[PDB]
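Step one of this worksheet: look at the structure below.
Convention: sequence-line order gives letters A, B, ...; per-chain numbering from 1.
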Amino acid sequence: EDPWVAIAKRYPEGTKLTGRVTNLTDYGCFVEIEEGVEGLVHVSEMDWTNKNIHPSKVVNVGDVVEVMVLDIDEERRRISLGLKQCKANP
RNA sequence: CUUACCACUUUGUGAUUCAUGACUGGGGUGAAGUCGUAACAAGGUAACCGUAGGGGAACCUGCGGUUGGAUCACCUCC
Ligand SMILES: [Mg+2]
Ligand SMILES: [Mg+2]
Ligand SMILES: [Mg+2]
Ligand SMILES: [Mg+2]
Ligand SMILES: [Mg+2]
Ligand SMILES: [Mg+2]
Ligand SMILES: [Mg+2]
Ligand SMILES: [Mg+2]
Ligand SMILES: [Mg+2]
Ligand SMILES: [Mg+2]
């Protein structure tokens, strides 16, 4: 009810977190510490081998990971996290 | 002798019913004829129902309806 309205808090694309994953998909993972709030980070990201990476492979459930916010969709209510960025730039 | 009632019988106009009739509508059956291929597979434009218009023929097209229809819907929110 409350949290989505004042989502300025971590709005800036540059902002980064450490959140904890809930479950995996095969297109992402979802990393949800913010509580009542949850990102995704798509399988495109998480690696520098594009999709040559199953989410299960790089990360597993109940596992904390550093991530930047990239895109918040105020309405439609969906945040786009990035995991390949908060670690190396080879 | 006469009046009344009344059978035979006569006339007029209807109803119903059987037969027959130039010509004409469709229906059934038929190894091997002609024209095509409408349906059954997504039957090669999914089919079908009501209705309307059109076309040698099966049919075609419009409007609404039905599933008694294959394959079924798009990058990332559980
Ligand atoms: Mg015939
Ligand atoms: Mg046919
Ligand atoms: Mg028919
Ligand atoms: Mg077809
Ligand atoms: Mg057909
Ligand atoms: Mg055809
Ligand atoms: Mg007709
Ligand atoms: Mg026509
Ligand atoms: Mg129709
Ligand atoms: Mg109805």
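A/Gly19 and A/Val67 get closest at one heavy-atom pair: N-CG2, 4.5 Å. The minimum heavy-atom distance between A/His54 and A/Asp26, with the atom names listed, is NE2-CB, 3.9 Å. The two residues A/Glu45 and A/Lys84 have their closest heavy-atom pair at CA-CD, 3.9 Å.
Residue A/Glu32 is in base contact, counting any heavy-atom pair closer than 4.0 Å across all strands shown. Nucleic acid contact for A/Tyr27: sugar-phosphate only, since backbone atoms but no base atoms lie under 4.0 Å from a heavy atom of the residue. Residue contacts shown for A/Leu81 are absent, as no nucleic acid heavy atom lies under 4.0 Å away.
As rounded to the nearest Å, B/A31 and B/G54 have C1' atoms that lie 38 Å from one another. Straight-line distance between the P atoms of B/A42 and B/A47: roughly 12 Å, to the nearest whole Å. When the P atom is compared between B/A15 and B/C23, the two are found 30 Å apart, to the nearest whole Å. Taking atom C1' in both B/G62 and B/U34, the straight-line distance is 34 Å, to the nearest Å. For the P atom pair drawn from B/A19 and B/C49, the interatomic distance equals 39 Å after rounding to whole Å. Separating the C1' atom of B/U45 from that of B/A39 is a span of 14 Å, rounded to the nearest Å. On the P atoms, B/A38 is 6 Å away from B/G44, given to the nearest whole Å. Nucleotides B/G55 and B/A46 are separated by 24 Å at their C1' atoms, to the nearest Å.
Both conditions of the stacking definition, centres under 5.5 Å apart and planes under 30° apart, are not jointly satisfied by the base rings of B/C74 and B/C75. Adjacent nucleotides B/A46 and B/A47 meet the stacking criterion of ring centres closer than 5.5 angstrom and planes inclined by less than 30 degrees. Remark: bases of strand neighbours B/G53 and B/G54 are stacked by the 5.5 Å centre distance and 30° plane angle definition. Taking ring-centre separation below 5.5 Å and interplanar angle below 30 degrees as the test, the adjacent bases B/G64 and B/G65 pass. Neighbouring residues B/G44 and B/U45 fail the stacking criterion, which requires the centres of their six-membered base rings to lie under 5.5 Å apart and the ring planes to differ by under 30°.
In B/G68 the base sits syn relative to the sugar, since the glycosidic angle is no further than 90° from 0.
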Test side-chain contact (heavy atoms from CB on, under 4.5 Å) applied to A/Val64 and A/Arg20, step by step: CA-CA 4 Å; A/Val64 166; A/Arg20 174 187 65 78; 4.0 Å; yes

A/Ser80 and A/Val41: CA distance, side-chain angles, deciding distance, side-chain contact (heavy atoms from CB on, under 4.5 Å) verdict: CA-CA 6 Å; A/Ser80 318; A/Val41 55; over 6 Å; no

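Criterion: ILVMFWY side-chain heavy atoms under 4.5 Å apart, direct or through other members. Under it, A/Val31 and A/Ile72 are part of a common hydrophobic cluster. Residues A/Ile79 and A/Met46 are members of one and the same hydrophobic cluster, defined by side-chain heavy-atom contacts under 4.5 angstrom among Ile, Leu, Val, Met, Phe, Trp and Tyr. A/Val59 and A/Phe30 fall into different hydrophobic clusters, defined by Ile, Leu, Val, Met, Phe, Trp and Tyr side-chain heavy atoms under 4.5 Å apart, directly or through other members.
Panel note: side chain A/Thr15, backbone A/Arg10; a donor-acceptor pair is recorded below 3.5 Å. A donor-acceptor pair under 3.5 Å is formed between the side chain of A/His42 and the backbone N or O of A/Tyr27.
For B/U13, the sugar pucker falls north, since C1'-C2'-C3'-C4' comes out positive. When the pucker is read from the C1'-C2'-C3'-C4' torsion, the sugar belonging to B/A73 turns out south, on the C2'-endo side. A north sugar is assigned to B/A31: the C1'-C2'-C3'-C4' torsion is positive, on the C3'-endo side. In terms of the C1'-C2'-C3'-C4' torsion, B/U24 has a north-puckered sugar. The angle is above zero. The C1'-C2'-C3'-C4' dihedral of B/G68 is negative. Its furanose therefore counts as south.
A distance of 13.5 Å separates CD1 in A/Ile53 from CH2 in A/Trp48, rounded to the nearest 0.5 Å.
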message: Dot-bracket for RNA chain B, please. Rules: Watson-Crick or G-U, both distances under 3.5 Å, ( ) within the strand, [ ] when a pair crosses earlier ones, | for another strand, . otherwise.
response: .............................................(((((((((....)))))))))...........

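Here chain A contacts RNA chain B (any atom closer than 4.0 Å to a heavy atom, that is under 4.0 Å), and the contacts span B/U76 to B/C78 from 5' to 3'.
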